[PDB]
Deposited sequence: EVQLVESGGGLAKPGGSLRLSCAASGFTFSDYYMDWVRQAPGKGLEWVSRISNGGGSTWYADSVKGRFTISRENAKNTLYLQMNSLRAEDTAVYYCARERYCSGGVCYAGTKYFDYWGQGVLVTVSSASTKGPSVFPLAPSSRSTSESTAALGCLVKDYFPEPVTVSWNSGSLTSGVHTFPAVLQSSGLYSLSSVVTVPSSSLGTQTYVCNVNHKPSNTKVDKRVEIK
């Protein structure tokens, strides 16, 4: 049972975006589906509801007239069309399956959720990051542990994905939430703590992916 979303990103005010939720592992045509929304730092807000057949829709007041929930059962795909986007539409969007049942007659709770895709409404321009190595000062390399880093600097559209050595280095990773500087741009950083001995045994490259700008960089960090 998988709900995989796609189609987020940056959109200018008054613009449009379309979200997709591909489902697998269940009879998609048997379940009601829903879109739920979560503004950054705020709570959950229901957005839209679609029946299993697709002929019955429901929208929240903040969204009536601008969004359209769709469903393609031949390809198990749930759609959320978003037109006349406002700044208040900036949020993380989730799809959610509604359980099947046939006074508690309809239990109807949300059984499975998607991973969430961030939509950002803004007049600002997309800006890809500069990726810089954060190398230690050669004094921690003569200690028992050393800290390597990547600086993902000055990217406007959130989010940015950071991995280390193609996902093969996960133990001892700190990827820090982004700072929003007064220029309107974001910056984040990631550090791996390793044993200093490991500095002579493997290399270190961070995988930085900023999809809104099509910026995928694998940065080697040498000491």
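Residues of the deposited sequence lacking C-alpha coordinates, numbered from 1, fall in the stretches 1, 104 to 106, 228.
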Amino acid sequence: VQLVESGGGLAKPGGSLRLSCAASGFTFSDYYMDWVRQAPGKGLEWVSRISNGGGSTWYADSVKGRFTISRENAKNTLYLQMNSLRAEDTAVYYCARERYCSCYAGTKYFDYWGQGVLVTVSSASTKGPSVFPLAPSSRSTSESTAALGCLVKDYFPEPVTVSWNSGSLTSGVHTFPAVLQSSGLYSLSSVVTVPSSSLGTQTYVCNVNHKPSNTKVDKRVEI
From here on, numbers count along this sequence of modelled residues.
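Per the PDB record, of the two stretches 38 to 46 and 64 to 72, 64 to 72 carries the greater mean B-factor over its C-alpha atoms. In this entry, 75 to 83 has the higher mean Cα B-factor, the comparison being between 75 to 83 and 111 to 119. If you compare the C-alpha temperature factors of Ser137, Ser125, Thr90, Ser130 in the entry, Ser137 comes out highest.
In the PDB entry, a CA B factor belonging to the middle third of its chain's modelled residues is recorded for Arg97.
In the deposited entry, the Cα temperature factor of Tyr32 places it in the middle third of its chain's modelled residues. Sort the chain's modelled residues by C-alpha temperature factor and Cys206 lands in the middle third, per the entry. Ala11 sits in the middle third of its chain by CA B factor, as recorded in the PDB entry.
Among the modelled residues of its chain, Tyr155 has a C-alpha B-factor that falls in the middle third according to the deposited record.
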